[PDB]
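Read through the structure below, which is laid out as structure tokens, and then see the notes.
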Amino acid sequence: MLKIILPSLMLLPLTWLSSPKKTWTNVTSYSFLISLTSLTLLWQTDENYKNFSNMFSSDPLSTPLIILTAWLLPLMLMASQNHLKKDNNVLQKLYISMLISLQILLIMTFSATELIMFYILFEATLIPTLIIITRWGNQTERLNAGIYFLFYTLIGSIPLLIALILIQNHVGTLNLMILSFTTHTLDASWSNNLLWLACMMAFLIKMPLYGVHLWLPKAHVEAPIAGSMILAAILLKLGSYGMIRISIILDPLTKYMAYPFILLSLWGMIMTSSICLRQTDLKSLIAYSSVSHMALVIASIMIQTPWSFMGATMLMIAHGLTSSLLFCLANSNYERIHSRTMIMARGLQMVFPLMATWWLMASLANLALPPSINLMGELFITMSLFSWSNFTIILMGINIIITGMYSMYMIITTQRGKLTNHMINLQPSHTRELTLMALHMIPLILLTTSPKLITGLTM
Amino acid sequence: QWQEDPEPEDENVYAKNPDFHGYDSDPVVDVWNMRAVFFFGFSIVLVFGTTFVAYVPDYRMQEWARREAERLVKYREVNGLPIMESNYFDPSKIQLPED
Amino acid sequence: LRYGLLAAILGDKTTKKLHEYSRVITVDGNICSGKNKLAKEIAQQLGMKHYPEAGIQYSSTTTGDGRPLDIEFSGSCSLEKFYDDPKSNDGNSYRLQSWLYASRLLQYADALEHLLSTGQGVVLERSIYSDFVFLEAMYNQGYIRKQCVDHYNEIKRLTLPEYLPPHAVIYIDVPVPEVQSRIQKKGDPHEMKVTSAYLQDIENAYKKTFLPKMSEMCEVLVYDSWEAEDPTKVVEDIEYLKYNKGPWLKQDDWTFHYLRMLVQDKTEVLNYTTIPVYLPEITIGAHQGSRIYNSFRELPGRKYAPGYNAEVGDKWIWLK
Amino acid sequence: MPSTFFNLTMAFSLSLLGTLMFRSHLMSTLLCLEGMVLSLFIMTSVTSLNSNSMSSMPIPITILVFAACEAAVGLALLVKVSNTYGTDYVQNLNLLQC
Amino acid sequence: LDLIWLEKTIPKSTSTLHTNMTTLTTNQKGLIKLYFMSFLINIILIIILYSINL
Amino acid sequence: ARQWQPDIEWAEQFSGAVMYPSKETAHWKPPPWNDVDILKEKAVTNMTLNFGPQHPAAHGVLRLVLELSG
Amino acid sequence: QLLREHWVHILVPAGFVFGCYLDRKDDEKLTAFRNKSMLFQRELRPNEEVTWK
Amino acid sequence: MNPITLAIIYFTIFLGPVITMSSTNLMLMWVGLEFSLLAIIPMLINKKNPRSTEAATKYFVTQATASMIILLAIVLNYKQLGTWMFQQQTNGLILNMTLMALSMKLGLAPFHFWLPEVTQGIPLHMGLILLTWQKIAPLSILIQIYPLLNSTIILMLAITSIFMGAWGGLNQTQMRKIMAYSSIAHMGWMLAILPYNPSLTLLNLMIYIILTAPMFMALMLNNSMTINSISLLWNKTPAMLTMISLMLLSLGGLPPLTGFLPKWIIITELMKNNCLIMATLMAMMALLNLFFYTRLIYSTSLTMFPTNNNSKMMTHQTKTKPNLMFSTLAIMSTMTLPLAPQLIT
Amino acid sequence: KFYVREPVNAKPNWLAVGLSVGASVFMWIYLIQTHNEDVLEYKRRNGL
Ligand SMILES: CCCCCCCCCCCCCCCCCC(=O)OC[C@H](COP(=O)([O-])OCC[N+](C)(C)C)OC(=O)CCCCCCCCCCCCCCCCC
Ligand SMILES: CCCCCCCCCCCCCCCCCC(=O)OC[C@H](COP(=O)(O)OCCN)OC(=O)CCCCCCCCCCCCCCCCC
Ligand SMILES: CCCCCCCCCCCCCCCCCC(=O)OC[C@H](COP(=O)(O)OCCN)OC(=O)CCCCCCCCCCCCCCCCC
Ligand SMILES: Nc1nc2c(ncn2[C@H]2C[C@H](O)[C@@H](COP(=O)(O)OP(=O)(O)OP(=O)(O)O)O2)c(=O)[nH]1
Ligand SMILES: [Mg+2]
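Structure representation (structure tokens):
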């Protein structure tokens with residue numbers, strides 16, 4: 001893991017020592033090489049786990065998240081290097097440093113073998129995205145969004161720290177494999193119920209669970225494009241990864257303690273899909289779609305079925321890719337028309353045909369068109385939920401119907417229809433942003449071609 | 023009023039550089055950034071990395087598990103054994119509690 | 001900063017280096033009234049350092065290369081624009097007044113540092129004690145407003161009592177029609193567009209507030225033009241002046257030491273001129289402030305500390 | 001000795017109560033401080049004389065020395081307060097709330 | 553739900569509670585007479601707590 | 001298009017020394033920048049003494065009204 | 005002058021080589037069960053001294 | 001102040017806590033406290049303004065009353081046991097009076113009402129000297145008698161200290177008051193970990209000192225006493241915004257800053273001693289502390305408040321004010337979390 | 001002469017430069033010597 005961590009660390013001196021006319025080129029190229037290096041974690045020819053060191057290890061669950069982070073860093077640089085052209089050189093290098101630090105800390109968080117180090121890197125990732133949102137956001141409400149994000153996460157994560165220290169005192173090491181082997185069954189008392197809630201509520205906050213999801217739409221709206229990408233594509237999945245890692249020592253009382261959160265997830269995905277149906281802001285629509293998909297992931301992890309875990313992993317990877325792609329397309333329209341209003345730009349299919357093709361493919365990925373990994377994850381989550389209870393199919397079907405409805409509504413109101421001819425400032429297309437859309441869509445196609453990479457721990 | 027700078031207007035970047043690629047204002051850095059993004063992103067990652075992942079062998083013991091399953095099926099079918107025993111563990115080595 | 005408590009202990013005593021001509025003499029008058037020549041001749045024939053009137057570009061001329069910088073770096077205020085349109089809605093008048101007060105504060109700190117360091121006397125033209133006359137003239141002509149006056153008075157209260165007043169204040173009394181005639185003879189088209197009401201407000205502010213307030217703590221030397229326009233009788237009076245009042249008598253070595261440290265720390269001098277009172281005539285905003293600050297930092301010789309700018313010929317940077 | 005020591009402890013308690021319950025006079029507060037000091041001296045002195053601890057007999061004198069330095073500094077501060085306001089009123093000493 | 557009642561329930565109610573508490577605790581008059589009377593109350597309460605704990 | 005930055009009202013919401021005004025603290029003022037408050041000049045209460053006329057040093061018939069500071 | 009003006013291109017490869025070296029250091033640090041696992045307990049071939057390096 | 005009286009006053013300020021820490025005798029520890037108080041009063045009142053006079057008066061009467069209660073405890077112990085040290089069998093009333101008086105000297109709630117007011121109205125360097133140096137000697141006295149103290153009263157004092165510090169820091173805009181309520185909260189943490197492990201008390205004290213020193217130095221760069229005054233720091237000293245943000249986040253206890261380490265290890269020791277309720281409440285109020293730190297960061301670094309016209313002249317002038325020891329303390333208070341096993345014992 | 005006033009850092013403080021370089025060299029040399037002596041003492045105490 002050190003062979004990925006060290007050159008990502010060396011990206012920062014490269015950023016601060018490169019010429020201002022060469023910084024973007026050098027950092028983008030070497031981050032692409034970093035991702036190519038990170039692809040060596042897929043060499044898993046055995047049932048064992050690649051425990052590289054005493055503090056770093058690789059997993060069938062951790063590996064796709066690490067590869068996705070390393071792949072998202074150059075895409076974030078390409079996405080963010082347009083709204084920083086009228087910007088100071090040291091501020092540009094600081095922004096690149098923030099993105100690189102996010103990538104480093106997220107790779108270390110996913111490769112961590114010890115839960116206290118996982119929590120330390122959790123908060124370490126909490127810092128620079130707050131800095132990015134607050135400093136390079138556009139509207140006034142970025143400060144309130146950053147406060148909401150930071151303190152939802154902190155109030156979640158403090159009882160997680162208390163619970164981790166308690167489990168460390170009880171067991172001795174807080175090492176993941178040691179806990180997985182010497183797991184003890186809890187006796188289902190009120191203290192154990194509170195311990196369960198303490199170690200689950202941080203991840204449920206960052207997922208986000210319904211009712212506590214209020215930080216996410218304003219944070220994603222007010223964030224810059226790279227911040228929205230890293231948030232919606234890695235940090236929610238970081239919460240899910242924490243849930244999967246910590247759920248192994250919570251038997252058996254997760255069986256009955258999972259009940260309120262499954263109901264919250266299902267009804268919240270219905271409610272947030274309805275909000276997407278009636279939402280006037282494109283980034284808000286994408287954010288609430290992310291809330292619904294992560295609610296599906298929450299329900300799968302709560303029901304703790306091998307099909308549910310596999311569908312959760314596939315939906316994590318697929319939703320990260322398609323949500324970053326949707327945010328990049330919305331940011332292209334935002335850099336064109338300087339607005340986020342859903343209905344303001346309408347006939348963009350006429351002027352931007354290839355970008356309309358990218359929009360259509362992103363939305364078809366969003367509504368889980370087969371045989372994509374989006375549909376793979378959603379279908380296996382549905383199968384596991386129907387095994388858990390046959391009446392969940394009603395909520396699943398309503399969610400699927402509204403999902404297709406808001407995705408096609410987005411397509412029709414942003415691309416189809418008559419062209420808003422007053423928008424004289426419609427530059428044709430940037431090869432940079434078309435490349436960004438291609439670099440989002442192609443890994444979706446390749447993972448659709450070979451879905452065995454992102455199945456996860458259970459299969 | 024407070025001496026605040028007026029709102030900057032985004033000019034048409036294609037007006038002065040019709041071959042603009044989205045990366046930088048001057049054409050040379052722009053075209054070299056485009057070449058670096060395409061070459062290091064598409065050519066050597068989306069092709070060589072895809073080939074490497076495609077030629078990772080026996081990924082999580084898929085084909086090994088298939089071959090071992092075929093061998094065990096042949097053995098248990100020519101020896102009259104059950105295909106799967108109902109108990110994974112032998113009951114002789116398990117000490118049940120008395121009551 | 002080389003001077004400090006260690007240098008004071010090793011011996012840098014101001015009272016040791018004082019003499020009979022270690023005086024602060026401020027020459028004051030109306031807009032065009034014999035003030036530049038009188039101060040020059042007084043300093044020349046008393047062996048004192050002459051400080052001309054602190055203009056807009058005083059800090060620019062005393063820092064860096066010493067060339068006059070661009071106007072947006074130096075205050076973003078124009079005396080010619082004030083003369084053309086004194087009641088302009090952008091707020092040029094009070095911006096000019098506050099910038100000139102800050103420039104006079106910097107010049108007074110420079111003169112005090114020079115006097116406490118070398119012992120040579122200083123002859124200033126129109127120091128900080130005679131700038132509220134322009135403020136009150138602007139206010140009584142309606143050019144600025146009461147909030148501007150309150151902000152100026154707050155800054156003056158924050159900055160003025162930290163220093164010592166001049167030993168001698170020389171005043172030139174020239175009547176308003178004579179000032180108008182001299183302005184016409186000078187021939188500046190912008191300066192010709194001044195009002196006798198404004199000039200009379202300056203003179204009234206002088207006679208009603210400046211002269212008695214300096215009379216209670218230093219020696220006042222009101223002269224007419226004919227007693228002036230001949231800088232030898234004034235010099236003879238200065239020679240036979242007896243300084244027997246004011247706060248200069250109670251000063252000792254350590255009070256001089258702390259005053260010298262204050263006037264040699266220039267950011268400490270200008271600390272209260274940048275109070276965060278958000279008056280719209282003087283507050284700027286983040287975008288314009290960043291643009292001006294970045295342009296000033298990319299100015300030659302201003303990117304780093306003095307002595308560290310390699311583009312202007314600084315050497316041995318890696319050894320310091 | 002125990003009744004005397006209890007009375008001295010109650011005297012210290014009364015002087016501390018006077019110090020903690022202000023009236024208008026900072027000088028009266030300083031006098032309450034000096035009464036606390038006096039009670040401490042008498043307690044230490046009778047303890048040393050009862051236990052025959054001649055080695056610890058310099059301790060009450062040290063208490064008096066440092067307490068008199070405290071009273072001296074309090075008088076100097078009261079001088080500064082009276083120069084500021086004209087009186088020693090703790091109700092005048094109140095403008096640091098904001 | 554989202555623009556009204558979830559906001560009224562968790563974040564705005566938490567901020568309102570802490571704003572009320574910080575006003576109530578930083579509503580001091582700046583009088584050392586009141587501060588020392590409070591200190592006397594603290595002394596009495598500590599003595600009572602020790603006497604009941606034993 | 002341009003990033004929002006705090007204007008005069010956002011910059012002025014942080015001055016007032018309390019940050020959360022109420023009825024019992026709305027009368028507060030921010031502390032001075034130099035921590036030197038402008039106080040009302042107290043009148044000097046000099047003692048007035050009738051030196052004489054019944055005084056050995058007043059020579060019998062002098063009413064020396066003496067205004068004394070100490 | 006290419007070494008002077010393109011010296012920044014070696015920082016990331018140097019970090020990669022250093023990371024590979026540190027991974028080798030961790031591999032040789034964790035050798036307490038080298039050819040001692042009950043799954044892979046095999047007799048050493050005469051031309052080798054370790055099972056893995 | 002002439003150098004003779006500067007040397008005398010500063011040497012006595014230094015000598016007070018040194019005598020207190022080196023003294024075996026309770027009476028010599030007490031006279032070290034007297035030395036510290038008496039020597040620090042003239043430098044508090046050195047500026048000779050009404051606010052400085054009020055601050056010096058309040059500090060004098062508070063520390064004098066607390067020292068008299070300390071002397072009462074010492075004399076009562078000498079009466080009971082015949083010695084000049086709380087050995088093992090001194091009365092719990094005597095120990096509680098010692099704890100209460102030392103907590104009033106330290107300035108933790110509910111004895112905290114003077115500390116923001118004394119910190120206001122004095123210059124920034126004297127606020128630094130107060131909030132760092134003046135707490136070492138009372139903490140040393142508390143550390144010497146750690147197994148004898150009452151955990152219930154200590155935990156109550158600690159939890160109310162952290163609560164009142166969080167709420168006061170939330171309300172205040174004056175930088176000196178903000179730093180004083182920060183001191184109250186961190187003193188609450190130190191007192192909370194005092195009866196269980198005084199090594200962690202010393203660790204938290206050292207972390208707080210090396211975090212408080214450069215924050216006060218950065219305030220001392222421009223005499224920024226207000227949120228707005230520190231908000232226009234981007235025009236004055238733009239190179240200090242990152243270190244200001246990092247030090248404020250370290251004061252907030254955010255990982256991976258080294259200021260997370262004292263709160264983390266104190267929580268760990270409390271969990272080892274089974275005080276989970278106290279640990280969780282202290283952690284939530286520490287989150288509130290981090291909130292007012294984050295609002296300060298928003299004001300000074302992440303946003304850009306409007307500047308003045310004379311700030312152009314201030315940029316024309318040059319400064320040599322930030323000393324050599326600023327950056328060392330800032331780095332050691334920012335990026336030292338991986339050396340946590342070395343920082344703990 | 002570019003600046004109107006002579007900067008305090010116009011010429012390098014040679015005493016400070018020499019003292020700092022000598023301190024760095026002395027500390028490195030002393031560090032290496034004490035590390036070698038510590039290695040030798042550890043070997044001599046543990047019989048290696
Ligand atoms: C984001 C959501 C935030 C709020 C919900 C957080 C989780 C709620 C449920 C857990 C209780 C609170 C966290 C406790 C962390 C430690 C848990 C643990 O170790 O449990 C076992 C322990 C029990 O210890 P034990 O396991 O050693 O028990 C010993 C048992 N015997 C003797 C049989 C062996 O539980 C506790 O100690 C819990 C005490 C909690 C007291 C303080 C609660 C304060 C309020 C909490 C919420 C504050 C934030 C929100 C405020 C409002 C916002 C709108
Ligand atoms: C792992 C975590 C990842 C996280 C995100 C990473 C992003 C960065 C990615 C960088 C590059 C890494 C690529 C990873 C995927 C590699 C795909 C691949 O080559 O898979 C191997 C596969 C053959 O493998 P095989 O074992 O035969 O498959 C299982 C059968 N037992 O090979 C093949 O089958 C050949 C594939 C290439 C040939 C072209 C295929 C074109 C397919 C067109 C599909 C059209 C329809 C699409 C519909 C979409 C609807 C939305
Ligand atoms: C279905 C699940 C149900 C169960 C889980 C419920 C909990 C979910 C997680 C909690 C989320 C809380 C979110 C808190 C942040 C939102 C509040 C906020 O942003 O307030 C802002 C406001 C200051 O606004 P300001 O910027 O000054 O003004 C606007 C323009 N100037 O701020 C203020 O006015 C004051 C802000 C105070 C600090 C708030 C954050 C810290 C809260 C500490 C909680 C302590 C808990 C223990 C309390 C003691 C014991 C009861
Ligand atoms: N409004 C305003 N104008 C000022 C201020 N200080 C100087 N001026 C203007 C007045 C004149 O037009 C110009 C030059 O000032 P002087 O008094 O030195 O005039 P000048 O040199 O022409 O004549 P003189 O020195 O009297 O022989 O600067 C000020 O504070 N406010
Ligand atoms: Mg002139």
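Protein chains in written order, with the authors' numbering: chain M, 1 to 459; chain g, 23 to 121; chain O, 1 to 320; chain K, 1 to 98; chain L, 553 to 606; chain D, 1 to 70; chain f, 5 to 57; chain N, 1 to 345; chain c, 1 to 48.
Beta carbons: idealized from backbone N, C-alpha and C, even for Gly.
Could you give the first and the last residue of the continuous alpha helix (DSSP H) run that contains residue i?
i	result
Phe-14 (chain N)	3–22
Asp-31 (chain f)	15–33
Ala-76 (chain g)	70–76
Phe-37 (chain f)	Premise fails: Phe-37 (chain f) is in no alpha helix (DSSP H) and is neither H nor E.
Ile-298 (chain M)	282–303
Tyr-406 (chain M)	392–414
Can you give me the C-alpha to C-alpha distance between residue i and residue j, rounded to a whole angstrom?
i	j	result
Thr-414 (chain M)	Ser-407 (chain M)	11 Å
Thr-87 (chain K)	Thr-345 (chain N)	54 Å
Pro-17 (chain N)	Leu-142 (chain N)	13 Å
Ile-8 (chain N)	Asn-289 (chain N)	38 Å
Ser-29 (chain M)	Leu-7 (chain f)	19 Å
For residue i, collect the residues of the same chain with a Cβ closer than 6 Å to its Cβ; drop the 5 residues on either side in sequence, then sort them by chain order.
i	result
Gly-127 (chain N)	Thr-119, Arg-176
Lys-40 (chain O)	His-50
Could you give the residue range of the beta strand (DSSP E) that holds residue i?
i	result
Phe-51 (chain D)	47–51
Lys-49 (chain O)	49–51
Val-169 (chain O)	168–172
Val-222 (chain O)	219–223
Short of 8 Å in beta carbon distance, which residues of its chain neighbour residue i, apart from the five on each side in sequence? Order them along the chain.
i	result
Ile-131 (chain M)	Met-98
Just checking, does the segment 32–41 of chain c make contact with the segment 5–17 of chain K on the three C-beta pairs under 8 Å criterion?
no
So if I measure from each beta-carbon to every heavy atom of ligand 5 and keep distances below 6 Å, which residues remain?
O:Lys-35, O:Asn-36, O:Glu-53
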